[PDB]
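Working notes, structure below.
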Amino acid sequence: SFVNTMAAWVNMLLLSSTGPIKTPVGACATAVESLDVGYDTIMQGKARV
Amino acid sequence: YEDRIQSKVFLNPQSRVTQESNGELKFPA
Amino acid sequence: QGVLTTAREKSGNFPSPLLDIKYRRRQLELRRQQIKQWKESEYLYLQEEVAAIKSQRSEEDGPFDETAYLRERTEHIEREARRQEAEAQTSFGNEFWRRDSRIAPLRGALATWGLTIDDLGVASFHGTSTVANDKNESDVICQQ
Amino acid sequence: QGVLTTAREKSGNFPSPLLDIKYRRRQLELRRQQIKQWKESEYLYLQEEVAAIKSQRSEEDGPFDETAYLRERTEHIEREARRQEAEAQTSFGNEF
């Protein structure tokens with residue numbers, strides 16, 4: 001039921017990465033807020049993909 | 001990575017995966 | 001133990017120069033000078049260009065407020081100076097460990113204030129009284 | 001209309017130089033040179049310091065692998081060069 005369990009399962013089944021996991025709840029706009037989050041995260045050295 | 005290697009693989013920022021004999025992507029032991 | 005990798009680092013025989021604050025000192029004030037001289041050099045370029053745009057002026061073109069144009073432009077070189085300053089400051093104090101294979105992000109963040117892992121005094125644990133989360137936590141922070 | 005403020009700006013009588021790509025060109029390749037000369041200058045400093053640490057060497061101290069120490073150190077100046085490059089590239093194209 002957790003919003004980030006989706007993300008978790010992605011990592012437990014495909015990408016076995018120790019990368020970041022910032023998972024957002026921006027209601028109707030989460031998908032963009034998500035793009036933003038990944039964007040910032042990448043431009044701060046946290047991740048490259 | 002085999003479990004044996006894990007701590008090391010995590011801690012060395014260079015460690016990367018080499019293609020293997022079975023087509024498989026693995027870390028190197 | 002994902003969190004273990006905030007101490008990931010492959011250390012060559014010798015510590016990165018950058019861990020040493022004085023090296024960063026050199027390099028910083030080095031660029032500070034390098035910047036100070038750019039500052040003047042730009043006053044020149046923007047000086048020649050002032051007069052240089054007067055001779056390309058048709059009489060159907062609107063006159064230049066030198067006082068205006070000169071203002072904005074100096075002010076700008078001033079800003080752009082400071083900008084460049086803080087920016088080099090950034091690359092030599094704040095972010096010098098950004099993506100460095102030879103500096104664990106922990107080292108980095110710490111060293112930028114003149115500290116090493118030995119200065120790290122207290123670790124607050126999640127320590128939720130569960131069987132495994134307390135082994136693990138110790139184990140991670142320890143290996144770290 | 002929170003989103004409106006991704007277009008906030010107070011424009012002086014004249015557009016910021018930076019909007020003009022050629023100005024950023026100048027300034028960038030300006031720093032590229034400025035960087036290229038630092039590169040050599042550092043080979044010097046790290047050259048003198050090589051020999052300079054030989055004369056501070058006791059016989060109870062472990063010998064220096066010049067080949068090693070020199071390697072890491074050049075490689076480093078190389079990295080630090082590129083690093084400085086992309087970094088100025090950053091301040092003049094990406095994040096200006």
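Residues are referred to by chain and number: the chain letter is A, B, ... according to the order shown in the structure tokens, the number counts from 1 in that chain, and ligands are numbered separately from 1 in the order shown.
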Next item on the list: Please determine the contact residues of chain C with respect to chain D at a cut-off of 9 Å, counting only C-alpha atoms, and supply them as a PyMOL selection string.
Entry: chain C and resi 12-14+16-17+34+68-69+72-73+76+84+87+91
If you keep N, CA and C atoms, can you produce a file of those selected residues as a JSON list (two decimals), in the first residue's frame?
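That gives us again28.json:
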[["chain", "number", "residue", "atom", "x", "y", "z"],
["C", 12, "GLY", "N", 44.08, 5.67, -3.83],
["C", 12, "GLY", "CA", 45.40, 5.42, -4.38],
["C", 12, "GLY", "C", 46.43, 5.40, -3.27],
["C", 13, "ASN", "N", 47.68, 5.07, -3.59],
["C", 13, "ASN", "CA", 48.75, 5.01, -2.59],
["C", 13, "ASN", "C", 48.81, 6.29, -1.75],
["C", 14, "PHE", "N", 48.46, 7.40, -2.39],
["C", 14, "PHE", "CA", 48.48, 8.70, -1.73],
["C", 14, "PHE", "C", 47.10, 9.33, -1.76],
["C", 16, "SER", "N", 44.17, 11.98, -2.12],
["C", 16, "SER", "CA", 43.92, 13.09, -3.03],
["C", 16, "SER", "C", 44.37, 14.37, -2.37],
["C", 17, "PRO", "N", 45.08, 15.21, -3.13],
["C", 17, "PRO", "CA", 45.48, 16.55, -2.71],
["C", 17, "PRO", "C", 44.34, 17.28, -2.04],
["C", 34, "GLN", "N", 43.68, 35.03, -10.36],
["C", 34, "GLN", "CA", 43.26, 34.75, -11.72],
["C", 34, "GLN", "C", 41.94, 35.45, -12.07],
["C", 68, "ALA", "N", 23.96, 55.08, -18.65],
["C", 68, "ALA", "CA", 23.13, 53.88, -18.49],
["C", 68, "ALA", "C", 23.91, 52.62, -18.87],
["C", 69, "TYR", "N", 24.22, 52.49, -20.16],
["C", 69, "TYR", "CA", 24.96, 51.35, -20.68],
["C", 69, "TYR", "C", 26.24, 51.03, -19.87],
["C", 72, "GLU", "N", 25.06, 49.55, -16.09],
["C", 72, "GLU", "CA", 24.66, 48.15, -16.19],
["C", 72, "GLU", "C", 25.85, 47.24, -16.41],
["C", 73, "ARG", "N", 26.72, 47.65, -17.32],
["C", 73, "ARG", "CA", 27.87, 46.85, -17.75],
["C", 73, "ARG", "C", 28.96, 46.67, -16.68],
["C", 76, "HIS", "N", 27.53, 44.67, -13.92],
["C", 76, "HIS", "CA", 27.53, 43.31, -14.42],
["C", 76, "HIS", "C", 28.88, 42.65, -14.25],
["C", 84, "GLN", "N", 31.91, 34.54, -10.21],
["C", 84, "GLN", "CA", 33.05, 33.70, -10.49],
["C", 84, "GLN", "C", 33.77, 33.32, -9.20],
["C", 87, "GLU", "N", 31.89, 30.85, -7.15],
["C", 87, "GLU", "CA", 31.88, 29.64, -7.97],
["C", 87, "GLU", "C", 33.15, 28.81, -7.81],
["C", 91, "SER", "N", 33.89, 25.09, -5.98],
["C", 91, "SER", "CA", 34.62, 23.95, -6.52],
["C", 91, "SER", "C", 35.82, 23.56, -5.67]]
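Within 8 Å of chain C, counting only C-alpha atoms, chain A contributes residues 18, 19, 44 and 45 of chain A.
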Could those selected residues go to a file with C-alpha atoms, as a PDB file, in the first residue's frame?
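Result saved to selection-v1.pdb:
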ATOM      1  CA  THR A  18      22.283   1.142  -4.361  1.00  0.00           C
ATOM      2  CA  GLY A  19      21.262   4.413  -6.000  1.00  0.00           C
ATOM      3  CA  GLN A  44      23.967  16.782  -7.801  1.00  0.00           C
ATOM      4  CA  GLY A  45      26.059  13.705  -8.470  1.00  0.00           C
TER       5      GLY A  45
END
Next item on the list: Mind the document's chain letters and residue numbers, and return as an NGL selection string the residues of chain B that DSSP labels strand (DSSP E).
Entry: :B and (18-19 or 25-26)
Keeping only N, CA and C atoms, take the residues you just selected and write them out as an mmCIF file, in the first residue's frame.
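Generated file (part.cif):
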data_model
loop_
_atom_site.group_PDB
_atom_site.id
_atom_site.type_symbol
_atom_site.label_atom_id
_atom_site.label_comp_id
_atom_site.auth_asym_id
_atom_site.auth_seq_id
_atom_site.Cartn_x
_atom_site.Cartn_y
_atom_site.Cartn_z
ATOM 1 N N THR B 18 31.582 -7.371 -15.661
ATOM 2 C CA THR B 18 32.142 -7.909 -16.891
ATOM 3 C C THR B 18 31.214 -8.976 -17.464
ATOM 4 N N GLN B 19 31.007 -8.941 -18.779
ATOM 5 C CA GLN B 19 30.230 -9.982 -19.436
ATOM 6 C C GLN B 19 30.922 -11.332 -19.235
ATOM 7 N N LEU B 25 25.843 -10.892 -17.159
ATOM 8 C CA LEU B 25 26.510 -9.755 -16.544
ATOM 9 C C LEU B 25 26.716 -9.998 -15.051
ATOM 10 N N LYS B 26 27.981 -10.061 -14.652
ATOM 11 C CA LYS B 26 28.340 -10.287 -13.266
ATOM 12 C C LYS B 26 29.441 -9.336 -12.854
#
Item checked: Å distance separating atom CA of residue 39 of chain C from atom CA of residue 80 of chain C, one decimal place -> 8.8 Å
Checklist line | Point-to-point distance from atom CA of residue 85 of chain D to atom CA of residue 49 of chain A, Å rounded to tenths | finding: 22.5 Å
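In plain terms, chain D touches chain A through residues 90, 94 and 95 of chain D, where touching means an atom at most 12 Å away, counting only C-alpha atoms.
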Keeping only N, CA, C and O atoms, write the selected residues to a file as a tab-separated table (two decimals), in the first residue's frame.
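Saved to out_34.tsv:
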chain	number	residue	atom	x	y	z
D	90	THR	N	30.07	24.39	-17.50
D	90	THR	CA	28.86	24.45	-16.67
D	90	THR	C	28.40	25.88	-16.42
D	90	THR	O	27.23	26.22	-16.64
D	94	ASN	N	25.41	25.79	-19.14
D	94	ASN	CA	24.34	25.12	-18.44
D	94	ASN	C	23.65	26.01	-17.40
D	94	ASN	O	22.45	26.25	-17.46
D	95	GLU	N	24.43	26.49	-16.44
D	95	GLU	CA	23.86	27.09	-15.24
D	95	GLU	C	24.05	28.60	-15.14
D	95	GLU	O	23.92	29.17	-14.06
Checklist line | Test item: residues at most 12 Å from residue 17 of chain B, only C-alpha atoms, excluding those fewer than 2 positions along its chain, as a PyMOL selection string | finding: chain B and resi 1+9+14-15+19-20+24-29
Go ahead and write the residues just picked, N, CA, C and O atoms, as a compact mmCIF listing (two decimals), in the first residue's frame.
# COMPACT_ATOMS: atom_id res chain seq x y z
N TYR B 1 26.64 -9.63 -7.94
CA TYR B 1 27.79 -10.05 -7.14
C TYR B 1 27.41 -11.19 -6.23
O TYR B 1 26.32 -11.19 -5.67
N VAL B 9 32.30 -4.64 -3.26
CA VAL B 9 31.67 -4.06 -4.44
C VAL B 9 30.97 -2.73 -4.13
O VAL B 9 31.06 -1.75 -4.90
N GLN B 14 34.77 1.95 -8.27
CA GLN B 14 35.25 1.58 -9.59
C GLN B 14 34.62 0.27 -10.03
O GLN B 14 34.32 0.07 -11.21
N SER B 15 34.45 -0.64 -9.08
CA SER B 15 33.97 -1.98 -9.38
C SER B 15 32.88 -1.93 -10.43
O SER B 15 31.88 -1.21 -10.29
N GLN B 19 31.01 -8.94 -18.78
CA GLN B 19 30.23 -9.98 -19.44
C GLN B 19 30.92 -11.33 -19.23
O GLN B 19 32.15 -11.40 -19.16
N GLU B 20 30.15 -12.41 -19.13
CA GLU B 20 30.74 -13.70 -18.82
C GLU B 20 30.50 -14.79 -19.87
O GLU B 20 30.01 -14.50 -20.97
N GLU B 24 26.19 -13.73 -19.38
CA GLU B 24 25.71 -13.08 -18.17
C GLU B 24 26.54 -11.91 -17.67
O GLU B 24 27.77 -11.93 -17.72
N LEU B 25 25.84 -10.89 -17.16
CA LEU B 25 26.51 -9.75 -16.54
C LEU B 25 26.72 -10.00 -15.05
O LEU B 25 25.76 -10.14 -14.29
N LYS B 26 27.98 -10.06 -14.65
CA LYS B 26 28.34 -10.29 -13.27
C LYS B 26 29.44 -9.34 -12.85
O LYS B 26 30.12 -8.75 -13.69
N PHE B 27 29.60 -9.17 -11.55
CA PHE B 27 30.76 -8.50 -11.02
C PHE B 27 31.90 -9.51 -11.12
O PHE B 27 31.65 -10.69 -11.39
N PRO B 28 33.15 -9.04 -10.99
CA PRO B 28 34.32 -9.92 -11.08
C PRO B 28 34.87 -10.31 -9.70
O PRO B 28 35.10 -9.41 -8.88
N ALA B 29 35.09 -11.61 -9.45
CA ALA B 29 35.51 -12.08 -8.12
C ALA B 29 37.01 -11.99 -7.83
O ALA B 29 37.43 -11.44 -6.81
Next item on the list: Mind listing the helix (DSSP H, G or I) residues of chain A, per DSSP on the backbone, as a list in words?
Entry: residues 3, 4, 5, 6, 7, 8, 9, 10, 11, 12, 13, 27, 28, 29, 30, 31, 32, 33, 34, 35, 36, 37, 38, 39, 40, 41 and 42 of chain A
Selected residues, N, CA and C atoms, written as an mmCIF file, in the first residue's frame, please.
data_model
loop_
_atom_site.group_PDB
_atom_site.id
_atom_site.type_symbol
_atom_site.label_atom_id
_atom_site.label_comp_id
_atom_site.auth_asym_id
_atom_site.auth_seq_id
_atom_site.Cartn_x
_atom_site.Cartn_y
_atom_site.Cartn_z
ATOM 1 N N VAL A 3 3.456 4.001 -1.304
ATOM 2 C CA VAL A 3 3.710 4.551 -2.625
ATOM 3 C C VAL A 3 5.057 4.077 -3.162
ATOM 4 N N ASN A 4 6.015 3.878 -2.266
ATOM 5 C CA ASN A 4 7.366 3.533 -2.681
ATOM 6 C C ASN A 4 7.605 2.038 -2.747
ATOM 7 N N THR A 5 6.565 1.242 -2.533
ATOM 8 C CA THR A 5 6.756 -0.199 -2.616
ATOM 9 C C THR A 5 6.807 -0.569 -4.085
ATOM 10 N N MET A 6 6.126 0.236 -4.897
ATOM 11 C CA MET A 6 6.208 0.058 -6.337
ATOM 12 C C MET A 6 7.682 0.201 -6.701
ATOM 13 N N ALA A 7 8.251 1.378 -6.424
ATOM 14 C CA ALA A 7 9.664 1.629 -6.675
ATOM 15 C C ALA A 7 10.547 0.489 -6.148
ATOM 16 N N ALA A 8 10.249 0.042 -4.935
ATOM 17 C CA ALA A 8 11.010 -1.026 -4.310
ATOM 18 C C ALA A 8 11.006 -2.264 -5.178
ATOM 19 N N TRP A 9 9.825 -2.697 -5.597
ATOM 20 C CA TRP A 9 9.707 -3.912 -6.387
ATOM 21 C C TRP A 9 10.484 -3.834 -7.712
ATOM 22 N N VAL A 10 10.578 -2.622 -8.245
ATOM 23 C CA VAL A 10 11.315 -2.386 -9.472
ATOM 24 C C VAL A 10 12.765 -2.709 -9.240
ATOM 25 N N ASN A 11 13.269 -2.245 -8.102
ATOM 26 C CA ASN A 11 14.651 -2.481 -7.709
ATOM 27 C C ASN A 11 14.927 -3.919 -7.221
ATOM 28 N N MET A 12 13.913 -4.591 -6.702
ATOM 29 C CA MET A 12 14.098 -5.943 -6.200
ATOM 30 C C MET A 12 13.975 -6.983 -7.309
ATOM 31 N N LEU A 13 13.575 -6.536 -8.496
ATOM 32 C CA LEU A 13 13.324 -7.442 -9.621
ATOM 33 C C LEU A 13 14.182 -7.178 -10.873
ATOM 34 N N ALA A 27 0.147 14.397 -6.013
ATOM 35 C CA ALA A 27 -1.201 14.210 -6.533
ATOM 36 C C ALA A 27 -1.166 14.215 -8.056
ATOM 37 N N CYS A 28 -2.134 14.892 -8.673
ATOM 38 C CA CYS A 28 -2.291 14.892 -10.129
ATOM 39 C C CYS A 28 -0.990 15.215 -10.892
ATOM 40 N N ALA A 29 -0.013 15.790 -10.202
ATOM 41 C CA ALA A 29 1.201 16.250 -10.862
ATOM 42 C C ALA A 29 2.458 15.459 -10.499
ATOM 43 N N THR A 30 2.301 14.350 -9.783
ATOM 44 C CA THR A 30 3.472 13.593 -9.329
ATOM 45 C C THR A 30 4.450 13.301 -10.466
ATOM 46 N N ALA A 31 3.927 12.915 -11.625
ATOM 47 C CA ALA A 31 4.768 12.477 -12.738
ATOM 48 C C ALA A 31 5.786 13.535 -13.184
ATOM 49 N N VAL A 32 5.390 14.800 -13.132
ATOM 50 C CA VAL A 32 6.313 15.883 -13.430
ATOM 51 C C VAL A 32 7.226 16.134 -12.237
ATOM 52 N N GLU A 33 6.642 16.324 -11.049
ATOM 53 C CA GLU A 33 7.440 16.472 -9.822
ATOM 54 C C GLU A 33 8.532 15.399 -9.758
ATOM 55 N N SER A 34 8.190 14.203 -10.233
ATOM 56 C CA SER A 34 9.108 13.081 -10.316
ATOM 57 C C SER A 34 10.263 13.420 -11.241
ATOM 58 N N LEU A 35 9.943 13.880 -12.448
ATOM 59 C CA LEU A 35 10.962 14.285 -13.418
ATOM 60 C C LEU A 35 11.898 15.303 -12.803
ATOM 61 N N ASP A 36 11.311 16.278 -12.115
ATOM 62 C CA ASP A 36 12.068 17.305 -11.411
ATOM 63 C C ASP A 36 13.026 16.686 -10.399
ATOM 64 N N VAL A 37 12.484 15.827 -9.549
ATOM 65 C CA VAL A 37 13.268 15.158 -8.528
ATOM 66 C C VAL A 37 14.443 14.374 -9.085
ATOM 67 N N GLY A 38 14.187 13.540 -10.085
ATOM 68 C CA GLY A 38 15.247 12.791 -10.728
ATOM 69 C C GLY A 38 16.276 13.714 -11.351
ATOM 70 N N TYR A 39 15.788 14.792 -11.962
ATOM 71 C CA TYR A 39 16.629 15.814 -12.586
ATOM 72 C C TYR A 39 17.646 16.380 -11.603
ATOM 73 N N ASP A 40 17.145 16.999 -10.535
ATOM 74 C CA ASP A 40 17.986 17.580 -9.484
ATOM 75 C C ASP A 40 18.975 16.551 -8.950
ATOM 76 N N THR A 41 18.437 15.390 -8.605
ATOM 77 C CA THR A 41 19.214 14.294 -8.062
ATOM 78 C C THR A 41 20.407 13.959 -8.944
ATOM 79 N N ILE A 42 20.189 13.966 -10.256
ATOM 80 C CA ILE A 42 21.249 13.650 -11.211
ATOM 81 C C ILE A 42 22.296 14.766 -11.303
#
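Applying a distance limit of 6 Å to only C-alpha atoms, the residues of chain C near chain B read residues 5, 8, 9, 10 and 101 of chain C.
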